[PDB]
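Trainee: So here's target-v1.cif, just mmCIF, C-alpha atoms:
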```
data_upload
loop_
_atom_site.label_atom_id
_atom_site.label_comp_id
_atom_site.auth_asym_id
_atom_site.auth_seq_id
_atom_site.Cartn_x
_atom_site.Cartn_y
_atom_site.Cartn_z
CA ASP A 86 -19.85 2.56 0.70
CA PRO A 87 -17.56 0.87 3.24
CA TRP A 88 -14.59 0.72 0.85
CA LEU A 89 -14.59 4.44 0.11
CA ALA A 90 -15.16 5.26 3.78
CA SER A 91 -12.11 3.16 4.70
CA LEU A 92 -9.96 5.44 2.52
CA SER A 93 -10.10 8.55 4.72
CA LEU A 94 -9.72 9.38 8.40
CA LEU A 95 -12.41 11.98 7.81
CA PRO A 96 -16.10 11.18 7.29
CA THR A 97 -17.38 10.84 3.73
CA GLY A 109 -9.03 24.43 -2.75
CA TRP A 110 -6.16 21.94 -2.73
CA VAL A 111 -6.20 18.72 -4.80
CA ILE A 112 -3.75 15.84 -5.07
CA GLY A 113 -3.43 13.41 -7.98
CA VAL A 114 -1.39 10.21 -7.81
CA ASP A 115 -0.33 7.78 -10.50
CA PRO A 116 0.75 5.03 -8.11
CA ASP A 117 2.84 2.82 -10.42
CA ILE A 118 6.59 2.62 -10.65
CA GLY A 119 7.23 5.38 -13.15
CA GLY A 120 4.25 7.38 -11.85
CA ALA A 121 4.10 10.67 -10.00
CA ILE A 122 2.21 12.78 -7.47
CA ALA A 123 0.81 16.19 -8.44
CA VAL A 124 -0.35 18.84 -5.97
CA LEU A 125 -2.62 21.72 -7.01
CA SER A 126 -2.79 24.80 -4.76
CA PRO A 127 -5.79 27.14 -4.29
CA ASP A 128 -3.67 29.96 -5.75
CA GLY A 129 -3.44 28.13 -9.08
CA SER A 130 0.11 26.84 -8.79
CA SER A 131 1.10 23.21 -9.32
CA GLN A 132 3.88 20.85 -8.28
CA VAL A 133 4.70 17.36 -9.52
CA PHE A 134 7.17 14.80 -8.16
CA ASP A 135 8.37 11.51 -9.63
CA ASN A 136 7.50 8.45 -7.54
CA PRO A 137 10.58 7.51 -5.47
CA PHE A 138 11.82 3.98 -6.11
CA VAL A 139 14.74 1.68 -5.42
CA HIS A 140 16.23 -1.18 -7.38
CA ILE A 141 15.85 -4.57 -5.73
CA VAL A 142 16.71 -8.14 -6.67
CA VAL A 143 13.82 -10.61 -6.46
CA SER A 144 14.35 -14.23 -7.53
CA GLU A 145 17.69 -13.26 -9.15
CA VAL A 146 16.05 -10.52 -11.26
CA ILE A 147 16.73 -6.84 -10.67
CA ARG A 148 13.49 -4.86 -10.45
CA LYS A 149 12.26 -1.46 -9.31
CA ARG A 150 10.16 -1.10 -6.16
CA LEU A 151 8.55 2.00 -4.68
CA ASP A 152 10.45 3.53 -1.75
CA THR A 153 8.01 3.52 1.18
CA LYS A 154 10.03 5.83 3.44
CA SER A 155 10.69 8.37 0.67
CA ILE A 156 6.99 8.52 -0.27
CA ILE A 157 5.99 9.23 3.32
CA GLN A 158 8.75 11.83 3.70
CA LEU A 159 7.57 13.52 0.48
CA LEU A 160 3.99 13.61 1.78
CA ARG A 161 5.11 15.08 5.12
CA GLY A 162 6.83 17.90 3.25
CA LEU A 163 3.75 18.98 1.27
CA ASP A 164 1.94 22.21 2.05
CA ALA A 165 -1.40 20.59 1.13
CA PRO A 166 -3.37 20.30 4.40
CA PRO A 167 -5.12 17.22 5.78
CA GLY A 168 -8.60 16.93 4.36
CA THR A 169 -7.27 17.45 0.84
CA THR A 170 -8.70 14.84 -1.54
CA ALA A 171 -6.11 12.66 -3.29
CA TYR A 172 -7.37 11.20 -6.57
CA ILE A 173 -5.46 8.01 -7.33
CA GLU A 174 -5.59 5.99 -10.52
CA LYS A 175 -7.32 2.68 -9.83
CA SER A 176 -4.77 -0.13 -10.05
CA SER A 177 -4.82 -2.09 -13.33
CA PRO A 178 -1.77 -4.31 -13.90
CA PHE A 179 -0.82 -5.36 -17.46
CA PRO A 180 -1.47 -8.96 -18.63
CA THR A 181 2.06 -9.73 -19.82
CA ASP A 182 3.37 -8.99 -16.32
CA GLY A 183 4.40 -12.03 -14.31
CA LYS A 184 4.00 -13.11 -10.68
CA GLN A 185 6.33 -10.48 -9.25
CA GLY A 186 4.80 -7.73 -11.41
CA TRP A 187 1.23 -8.29 -10.23
CA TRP A 188 2.45 -8.47 -6.64
CA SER A 189 4.45 -5.28 -7.21
CA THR A 190 1.52 -3.36 -8.69
CA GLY A 191 -0.65 -4.29 -5.71
CA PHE A 192 2.20 -3.41 -3.33
CA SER A 193 2.56 -0.01 -5.01
CA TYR A 194 -1.17 0.64 -4.68
CA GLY A 195 -1.33 -0.35 -1.01
CA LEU A 196 1.78 1.65 -0.15
CA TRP A 197 0.31 4.80 -1.68
CA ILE A 198 -3.18 4.41 -0.22
CA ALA A 199 -2.00 3.84 3.36
CA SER A 200 0.61 6.62 3.05
CA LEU A 201 -2.04 9.11 1.88
CA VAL A 202 -4.60 8.09 4.52
CA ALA A 203 -1.99 8.37 7.27
CA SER A 204 -1.19 11.93 6.14
CA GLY A 205 -4.85 12.83 6.62
CA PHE A 206 -5.79 12.95 2.92
CA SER A 207 -9.08 11.50 1.63
CA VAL A 208 -8.32 8.95 -1.08
CA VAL A 209 -10.65 8.63 -4.08
CA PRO A 210 -9.77 5.94 -6.65
CA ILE A 211 -10.61 6.86 -10.24
CA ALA A 212 -10.52 4.40 -13.14
CA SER A 213 -8.14 5.45 -15.90
CA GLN A 214 -11.05 5.31 -18.38
CA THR A 215 -12.97 7.86 -16.30
CA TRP A 216 -10.49 10.71 -16.14
CA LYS A 217 -9.31 10.06 -19.69
CA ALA A 218 -12.86 10.34 -21.05
CA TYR A 219 -13.33 13.59 -19.12
CA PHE A 220 -10.46 15.15 -21.09
CA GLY A 221 -11.34 13.52 -24.41
CA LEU A 222 -8.17 11.38 -24.22
CA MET A 223 -9.64 8.59 -26.35
CA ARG A 224 -9.52 7.34 -29.95
CA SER A 225 -5.87 8.29 -30.49
CA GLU A 226 -2.87 6.28 -31.70
CA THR A 227 -0.57 8.32 -29.39
CA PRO A 228 -2.22 8.32 -25.94
CA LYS A 229 1.03 8.88 -24.02
CA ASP A 230 2.07 11.87 -26.12
CA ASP A 231 -1.50 13.20 -25.90
CA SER A 232 -1.52 13.03 -22.10
CA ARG A 233 1.72 15.05 -21.96
CA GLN A 234 0.25 17.58 -24.41
CA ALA A 235 -2.97 17.80 -22.38
CA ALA A 236 -1.10 18.34 -19.10
CA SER A 237 1.11 21.01 -20.71
CA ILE A 238 -1.96 22.90 -21.95
CA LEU A 239 -3.56 22.87 -18.49
CA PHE A 240 -0.28 23.53 -16.62
CA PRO A 241 1.92 25.50 -19.02
CA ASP A 242 4.62 26.20 -16.46
CA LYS A 243 5.20 22.40 -16.47
CA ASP A 244 5.87 22.31 -20.25
CA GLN A 245 9.61 21.66 -19.83
CA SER A 246 8.92 19.09 -17.10
CA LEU A 247 6.66 17.23 -19.58
CA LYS A 248 8.73 17.43 -22.77
CA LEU A 249 10.24 13.90 -22.62
CA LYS A 250 8.52 10.58 -23.31
CA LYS A 251 9.44 9.40 -19.82
CA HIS A 252 7.45 12.31 -18.31
CA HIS A 253 4.24 10.46 -19.15
CA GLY A 254 3.74 9.61 -15.46
CA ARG A 255 4.00 13.24 -14.37
CA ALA A 256 1.35 14.07 -16.96
CA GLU A 257 -1.13 11.46 -15.69
CA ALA A 258 -0.68 12.67 -12.10
CA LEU A 259 -1.37 16.29 -13.13
CA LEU A 260 -4.40 15.23 -15.19
CA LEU A 261 -5.85 13.20 -12.30
CA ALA A 262 -5.52 16.25 -10.05
CA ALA A 263 -7.04 18.41 -12.81
CA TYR A 264 -9.92 15.96 -13.06
CA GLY A 265 -10.51 16.16 -9.32
CA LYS A 266 -10.42 19.95 -9.38
CA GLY A 267 -12.80 20.02 -12.35
CA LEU A 268 -10.44 22.01 -14.59
CA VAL A 269 -11.53 22.33 -18.21
CA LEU A 270 -9.26 21.58 -21.16
CA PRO A 271 -10.10 24.01 -24.01
CA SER A 272 -11.33 22.84 -27.40
CA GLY A 273 -8.46 24.51 -29.23
CA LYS A 274 -5.44 26.77 -29.16
CA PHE A 275 -7.60 29.94 -29.32
CA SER A 276 -10.71 28.74 -27.45
CA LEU B 89 14.67 -2.13 4.84
CA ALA B 90 16.25 1.32 4.89
CA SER B 91 13.18 2.30 2.85
CA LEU B 92 11.10 0.82 5.73
CA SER B 93 12.03 3.15 8.61
CA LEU B 94 11.72 6.88 9.33
CA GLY B 109 11.81 -4.13 24.95
CA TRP B 110 8.74 -3.59 22.75
CA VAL B 111 8.19 -5.66 19.61
CA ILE B 112 5.38 -5.79 17.03
CA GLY B 113 4.51 -8.78 14.86
CA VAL B 114 2.15 -8.62 11.89
CA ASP B 115 0.37 -11.17 9.72
CA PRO B 116 -0.75 -8.78 6.96
CA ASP B 117 -3.43 -10.79 5.18
CA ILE B 118 -7.18 -10.85 5.52
CA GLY B 119 -7.67 -13.02 8.57
CA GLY B 120 -4.26 -11.86 9.83
CA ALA B 121 -3.45 -9.96 12.99
CA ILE B 122 -1.03 -7.66 14.76
CA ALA B 123 0.64 -8.63 18.05
CA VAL B 124 2.37 -6.29 20.51
CA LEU B 125 4.81 -7.55 23.14
CA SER B 126 5.70 -5.20 26.02
CA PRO B 127 8.85 -5.29 28.19
CA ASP B 128 6.85 -6.57 31.19
CA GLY B 129 6.12 -9.87 29.40
CA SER B 130 2.50 -9.04 28.57
CA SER B 131 1.11 -9.56 25.07
CA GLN B 132 -1.80 -8.21 23.04
CA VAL B 133 -3.17 -9.41 19.70
CA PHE B 134 -5.75 -7.75 17.46
CA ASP B 135 -7.47 -9.16 14.38
CA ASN B 136 -6.97 -7.27 11.13
CA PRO B 137 -9.95 -5.00 10.37
CA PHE B 138 -11.55 -5.43 6.96
CA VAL B 139 -14.34 -4.08 4.79
CA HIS B 140 -16.48 -5.69 2.08
CA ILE B 141 -16.14 -4.62 -1.56
CA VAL B 142 -18.29 -5.93 -4.43
CA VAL B 143 -16.49 -7.41 -7.46
CA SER B 144 -18.70 -8.71 -10.28
CA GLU B 145 -21.76 -9.74 -8.21
CA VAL B 146 -19.68 -11.23 -5.38
CA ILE B 147 -18.51 -9.74 -2.09
CA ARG B 148 -14.79 -9.79 -1.33
CA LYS B 149 -12.84 -8.62 1.70
CA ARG B 150 -10.15 -5.95 1.77
CA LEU B 151 -8.19 -4.53 4.67
CA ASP B 152 -9.66 -1.39 6.27
CA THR B 153 -6.94 1.27 5.92
CA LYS B 154 -8.56 3.89 8.18
CA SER B 155 -9.11 1.33 10.96
CA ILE B 156 -5.57 -0.05 10.68
CA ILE B 157 -4.08 3.43 11.08
CA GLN B 158 -6.34 4.23 14.04
CA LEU B 159 -5.36 0.91 15.63
CA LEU B 160 -1.63 1.59 15.21
CA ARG B 161 -1.97 5.10 16.65
CA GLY B 162 -3.66 3.67 19.76
CA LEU B 163 -0.95 1.10 20.53
CA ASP B 164 1.04 1.22 23.75
CA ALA B 165 4.33 0.67 21.91
CA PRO B 166 6.43 3.84 21.52
CA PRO B 167 7.81 5.20 18.24
CA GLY B 168 10.78 3.36 16.79
CA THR B 169 9.44 -0.01 17.95
CA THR B 170 10.37 -2.67 15.41
CA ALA B 171 7.56 -4.55 13.66
CA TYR B 172 8.41 -8.00 12.29
CA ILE B 173 6.49 -9.26 9.28
CA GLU B 174 6.91 -12.30 7.04
CA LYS B 175 8.71 -11.30 3.84
CA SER B 176 5.94 -11.30 1.25
CA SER B 177 6.08 -13.24 -2.01
CA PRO B 178 3.38 -14.06 -4.57
CA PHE B 179 2.07 -17.55 -3.85
CA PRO B 180 3.00 -19.72 -6.87
CA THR B 181 -0.35 -21.53 -7.23
CA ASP B 182 -2.39 -18.34 -6.77
CA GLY B 183 -3.83 -16.53 -9.76
CA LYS B 184 -3.09 -12.98 -10.83
CA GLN B 185 -5.80 -11.45 -8.65
CA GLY B 186 -4.36 -13.30 -5.65
CA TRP B 187 -0.83 -12.10 -6.37
CA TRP B 188 -2.18 -8.53 -6.54
CA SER B 189 -4.10 -8.97 -3.29
CA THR B 190 -1.06 -10.34 -1.48
CA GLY B 191 1.04 -7.36 -2.50
CA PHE B 192 -1.75 -4.90 -1.76
CA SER B 193 -2.26 -6.11 1.83
CA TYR B 194 1.50 -6.17 2.40
CA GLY B 195 2.04 -2.63 1.10
CA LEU B 196 -0.94 -1.31 3.07
CA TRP B 197 0.58 -2.69 6.27
CA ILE B 198 4.17 -1.67 5.48
CA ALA B 199 3.21 1.94 4.76
CA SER B 200 0.84 2.12 7.73
CA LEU B 201 3.58 0.93 10.11
CA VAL B 202 6.26 3.23 8.69
CA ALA B 203 3.91 6.22 8.64
CA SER B 204 2.93 5.49 12.27
CA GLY B 205 6.54 5.66 13.46
CA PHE B 206 7.50 1.98 13.55
CA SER B 207 10.45 0.25 11.90
CA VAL B 208 9.58 -2.72 9.70
CA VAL B 209 11.83 -5.78 9.47
CA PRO B 210 10.69 -8.41 6.95
CA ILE B 211 11.72 -11.98 7.82
CA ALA B 212 11.89 -14.88 5.39
CA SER B 213 9.21 -17.53 5.99
CA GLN B 214 11.72 -20.36 6.36
CA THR B 215 13.83 -18.20 8.70
CA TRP B 216 11.22 -17.63 11.39
CA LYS B 217 9.61 -21.05 10.96
CA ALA B 218 12.96 -22.81 11.43
CA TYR B 219 13.53 -20.78 14.59
CA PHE B 220 10.44 -22.47 16.08
CA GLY B 221 10.97 -25.88 14.46
CA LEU B 222 8.00 -25.27 12.16
CA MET B 223 9.90 -25.66 8.89
CA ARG B 224 9.35 -29.43 8.77
CA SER B 225 5.64 -29.15 9.56
CA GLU B 226 2.83 -30.72 7.54
CA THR B 227 0.02 -28.81 9.33
CA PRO B 228 1.53 -25.31 9.66
CA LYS B 229 -1.65 -23.47 10.69
CA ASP B 230 -2.49 -25.89 13.52
CA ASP B 231 1.16 -26.18 14.57
CA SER B 232 1.64 -22.40 14.66
CA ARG B 233 -1.34 -22.08 17.02
CA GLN B 234 0.21 -24.72 19.30
CA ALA B 235 3.65 -23.07 19.25
CA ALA B 236 2.12 -19.66 19.97
CA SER B 237 0.03 -21.06 22.83
CA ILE B 238 3.16 -22.52 24.47
CA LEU B 239 5.03 -19.22 24.16
CA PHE B 240 2.07 -17.09 25.32
CA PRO B 241 -0.06 -19.18 27.69
CA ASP B 242 -2.32 -16.21 28.50
CA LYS B 243 -3.29 -16.37 24.79
CA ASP B 244 -4.24 -20.05 24.99
CA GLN B 245 -7.96 -19.24 24.86
CA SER B 246 -7.48 -16.86 21.90
CA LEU B 247 -5.66 -19.54 19.87
CA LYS B 248 -7.94 -22.58 20.24
CA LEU B 249 -9.92 -22.20 16.99
CA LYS B 250 -8.63 -23.01 13.50
CA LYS B 251 -9.47 -19.44 12.42
CA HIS B 252 -6.92 -18.12 14.95
CA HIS B 253 -3.85 -19.07 12.89
CA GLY B 254 -3.43 -15.41 11.96
CA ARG B 255 -3.15 -14.38 15.60
CA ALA B 256 -0.58 -17.17 15.98
CA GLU B 257 1.61 -16.01 13.11
CA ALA B 258 1.56 -12.43 14.40
CA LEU B 259 2.59 -13.61 17.87
CA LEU B 260 5.33 -15.89 16.55
CA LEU B 261 6.80 -13.11 14.39
CA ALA B 262 6.98 -10.88 17.48
CA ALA B 263 8.41 -13.78 19.49
CA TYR B 264 11.07 -14.19 16.80
CA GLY B 265 11.91 -10.50 16.97
CA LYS B 266 12.07 -10.48 20.77
CA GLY B 267 14.23 -13.61 20.74
CA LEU B 268 11.96 -15.90 22.74
CA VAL B 269 12.78 -19.62 22.69
CA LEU B 270 10.15 -22.34 22.38
#
```
In structure tokens, write the structure found in this file.
Mentor:
Amino acid sequence: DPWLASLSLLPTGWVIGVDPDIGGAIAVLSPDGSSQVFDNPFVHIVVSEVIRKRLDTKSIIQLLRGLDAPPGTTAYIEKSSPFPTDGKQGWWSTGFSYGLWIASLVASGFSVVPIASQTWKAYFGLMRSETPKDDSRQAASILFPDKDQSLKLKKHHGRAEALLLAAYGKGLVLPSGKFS
Amino acid sequence: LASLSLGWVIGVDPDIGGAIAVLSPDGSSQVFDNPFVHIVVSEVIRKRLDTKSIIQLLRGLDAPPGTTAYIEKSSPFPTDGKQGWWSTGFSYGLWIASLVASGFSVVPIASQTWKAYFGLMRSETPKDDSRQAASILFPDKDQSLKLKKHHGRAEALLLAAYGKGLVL
């Protein structure tokens, strides 16, 4: 698989998960069971007389260089899937975000593995619900309870997806119920 | 631009079929085609840039850290479709992050800005004319610019020429 082999400097207990969109996050899981999650750094920019948000390339790379996760850690990234109602600039921007993140991760020595959103959601049973965004924050808070206050707002949906992608990569199991 | 930085000049044409040029203080020039891999979409093979190979290439360049890399300011092409807009931004972000992560400063330059600097703004055959302009500025590249497919090498060289301040 030439595409997957191009996503790591290395041939093909830390895990990284990245939701690469504006509004996304990066989660880092340590072998000792602790977790960290960071909002994706962005700037406001004017394109064709419209103010928009764009990922901050330098800040992403500086964040990555501050992590304690060593090279050779696998970074699971959600496979890009722009929305239909997005225009010209939005499809460009989603691709830009994806390329920024992939190159940044590879240059830090991480092995990038793209995962379709349907794949990691099905792994956690995050299907068939009218409230998928709320459910992803609930799921992440069950798996990473010390993040419960960092996931309590609707806008923390991106932190939740990043943690769940990392949980997927680590093979963590979400229990059937409160007392399971 | 501030988010794009941590006698040498780099110029980059970021697309598939693009290239990266390096100009050294001693007048010499190098140009390298963009490495790519094949991915399968539906039952058809498409090309994507090769991230691992790009990073290895940048790390092996003679230019020292802090060298500025000039690149055409990327915009979605109006007549492209959605997949093309995505691909344009993807290739651009891959290159921007690779350059920044490898210690270079990126300076995006508007298309009409660098083309006007070489009199290419009022050009009806821009690919052919860029190869001719590049071959005049870098005569030791004349043999690497003589095919139609070499217009990516030419853009990379002309962006670096713009950044170094060479005159046609």
Trainee: Taking all atoms listed in the file into account, produce a table as a tab-separated table in which each residue of region 165-248 of chain B with an atom at most 10 Å from an atom of region 164-182 of chain A appears once, together with its shortest atom pair and the distance in Å to one decimal, ordered by chain and rising number.
Mentor:
```
residue	atom	partner	partner_atom	distance
B:184	CA	A:180	CA	8.9
B:185	CA	A:178	CA	9.7
B:188	CA	A:178	CA	8.5
```
Trainee: Distance table requested - chain A against chain B, cut-off 7 Å, only C-alpha atoms: one row per qualifying residue with the closest atom pair and its distance in Å to one decimal, ordered by chain and rising residue number, as JSON lines.
Mentor:
```
{"residue": "A:87", "atom": "CA", "partner": "B:139", "partner_atom": "CA", "distance": 6.1}
{"residue": "A:88", "atom": "CA", "partner": "B:141", "partner_atom": "CA", "distance": 6.1}
{"residue": "A:91", "atom": "CA", "partner": "B:154", "partner_atom": "CA", "distance": 5.0}
{"residue": "A:92", "atom": "CA", "partner": "B:154", "partner_atom": "CA", "distance": 6.0}
{"residue": "A:93", "atom": "CA", "partner": "B:154", "partner_atom": "CA", "distance": 6.0}
{"residue": "A:94", "atom": "CA", "partner": "B:154", "partner_atom": "CA", "distance": 5.6}
{"residue": "A:152", "atom": "CA", "partner": "B:91", "partner_atom": "CA", "distance": 5.5}
{"residue": "A:153", "atom": "CA", "partner": "B:91", "partner_atom": "CA", "distance": 5.6}
{"residue": "A:154", "atom": "CA", "partner": "B:91", "partner_atom": "CA", "distance": 4.8}
{"residue": "A:155", "atom": "CA", "partner": "B:91", "partner_atom": "CA", "distance": 6.9}
{"residue": "A:157", "atom": "CA", "partner": "B:203", "partner_atom": "CA", "distance": 6.5}
{"residue": "A:184", "atom": "CA", "partner": "B:178", "partner_atom": "CA", "distance": 6.2}
{"residue": "A:185", "atom": "CA", "partner": "B:178", "partner_atom": "CA", "distance": 6.6}
{"residue": "A:187", "atom": "CA", "partner": "B:188", "partner_atom": "CA", "distance": 5.0}
{"residue": "A:188", "atom": "CA", "partner": "B:191", "partner_atom": "CA", "distance": 4.5}
{"residue": "A:189", "atom": "CA", "partner": "B:191", "partner_atom": "CA", "distance": 6.2}
{"residue": "A:190", "atom": "CA", "partner": "B:188", "partner_atom": "CA", "distance": 6.7}
{"residue": "A:191", "atom": "CA", "partner": "B:192", "partner_atom": "CA", "distance": 4.1}
{"residue": "A:192", "atom": "CA", "partner": "B:191", "partner_atom": "CA", "distance": 4.2}
{"residue": "A:193", "atom": "CA", "partner": "B:195", "partner_atom": "CA", "distance": 6.7}
{"residue": "A:194", "atom": "CA", "partner": "B:192", "partner_atom": "CA", "distance": 6.3}
{"residue": "A:195", "atom": "CA", "partner": "B:196", "partner_atom": "CA", "distance": 4.2}
{"residue": "A:196", "atom": "CA", "partner": "B:195", "partner_atom": "CA", "distance": 4.5}
{"residue": "A:198", "atom": "CA", "partner": "B:196", "partner_atom": "CA", "distance": 7.0}
{"residue": "A:199", "atom": "CA", "partner": "B:196", "partner_atom": "CA", "distance": 5.3}
{"residue": "A:200", "atom": "CA", "partner": "B:199", "partner_atom": "CA", "distance": 5.6}
{"residue": "A:202", "atom": "CA", "partner": "B:154", "partner_atom": "CA", "distance": 6.8}
{"residue": "A:203", "atom": "CA", "partner": "B:203", "partner_atom": "CA", "distance": 6.4}
```
Trainee: Take CA of residue 249 (chain B) and CA of residue 121 (chain B) and report the distance between them in Å, one decimal.
Mentor: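 According to the coordinates, CA of residue 249 (chain B) and CA of residue 121 (chain B) are separated by 14.4 Å.
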Trainee: Taking the file as shown, find all residues satisfying the PyMOL selection byres ((chain A and resi 120) around 10) and write them as a PyMOL selection string.
Mentor: chain A and resi 114-119+121-122+134-137+151+251-258
Trainee: Let me see the file: selected residues, C-alpha atoms, as a PDB file, in the frame of the given file.
Mentor:
```pdb
ATOM      1  CA  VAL A 114      -1.390  10.210  -7.810  1.00  0.00           C
ATOM      2  CA  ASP A 115      -0.330   7.780 -10.500  1.00  0.00           C
ATOM      3  CA  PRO A 116       0.750   5.030  -8.110  1.00  0.00           C
ATOM      4  CA  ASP A 117       2.840   2.820 -10.420  1.00  0.00           C
ATOM      5  CA  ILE A 118       6.590   2.620 -10.650  1.00  0.00           C
ATOM      6  CA  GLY A 119       7.230   5.380 -13.150  1.00  0.00           C
ATOM      7  CA  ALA A 121       4.100  10.670 -10.000  1.00  0.00           C
ATOM      8  CA  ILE A 122       2.210  12.780  -7.470  1.00  0.00           C
ATOM      9  CA  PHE A 134       7.170  14.800  -8.160  1.00  0.00           C
ATOM     10  CA  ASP A 135       8.370  11.510  -9.630  1.00  0.00           C
ATOM     11  CA  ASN A 136       7.500   8.450  -7.540  1.00  0.00           C
ATOM     12  CA  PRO A 137      10.580   7.510  -5.470  1.00  0.00           C
ATOM     13  CA  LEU A 151       8.550   2.000  -4.680  1.00  0.00           C
ATOM     14  CA  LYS A 251       9.440   9.400 -19.820  1.00  0.00           C
ATOM     15  CA  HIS A 252       7.450  12.310 -18.310  1.00  0.00           C
ATOM     16  CA  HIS A 253       4.240  10.460 -19.150  1.00  0.00           C
ATOM     17  CA  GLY A 254       3.740   9.610 -15.460  1.00  0.00           C
ATOM     18  CA  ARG A 255       4.000  13.240 -14.370  1.00  0.00           C
ATOM     19  CA  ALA A 256       1.350  14.070 -16.960  1.00  0.00           C
ATOM     20  CA  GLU A 257      -1.130  11.460 -15.690  1.00  0.00           C
ATOM     21  CA  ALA A 258      -0.680  12.670 -12.100  1.00  0.00           C
TER      22      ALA A 258
END
```
Trainee: For CA of residue 136 (chain B) and CA of residue 206 (chain A), quote the distance in Å rounded to one decimal.
Mentor: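 Between CA of residue 136 (chain B) and CA of residue 206 (chain A) the gap is 21.9 Å.
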Trainee: Any idea what the distance is between CA of residue 126 (chain A) and CA of residue 205 (chain A)?
Mentor: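 Separation of CA of residue 126 (chain A) and CA of residue 205 (chain A): 16.6 Å.
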Trainee: Can you translate the PyMOL selection byres ((chain B and resi 164) around 12) into the concrete residues it hits in this file, as a count of residues only?
Mentor: 20
Trainee: Expand the PyMOL selection byres ((chain B and resi 219-231) around 8) into the individual residues it matches in the shown file, reporting them as a list in words.
Mentor: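 Going through the file, the PyMOL selection byres ((chain B and resi 219-231) around 8) ends up selecting residues 214, 215, 216, 217, 218, 232, 233, 234, 235, 250, 253, 264, 269 and 270 of chain B.
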Trainee: With all atoms of region 201-216 of chain B from the file as input, state the centre and edge lengths in Å to one decimal of the axis-aligned box that has 6 Å extra on each side, as lines of an AutoDock Vina configuration file.
Mentor:
```
center_x = 8.4
center_y = -7.1
center_z = 9.5
size_x = 22.9
size_y = 38.6
size_z = 20.2
```
Trainee: Which neighbours of region 217-225 of chain A fall inside 9 Å, counting only C-alpha atoms, when residues of the same chain fewer than 6 positions from it are skipped, and could you give them as number ranges by chain?
Mentor: A: 231-232, 235, 260-261, 264, 269-270
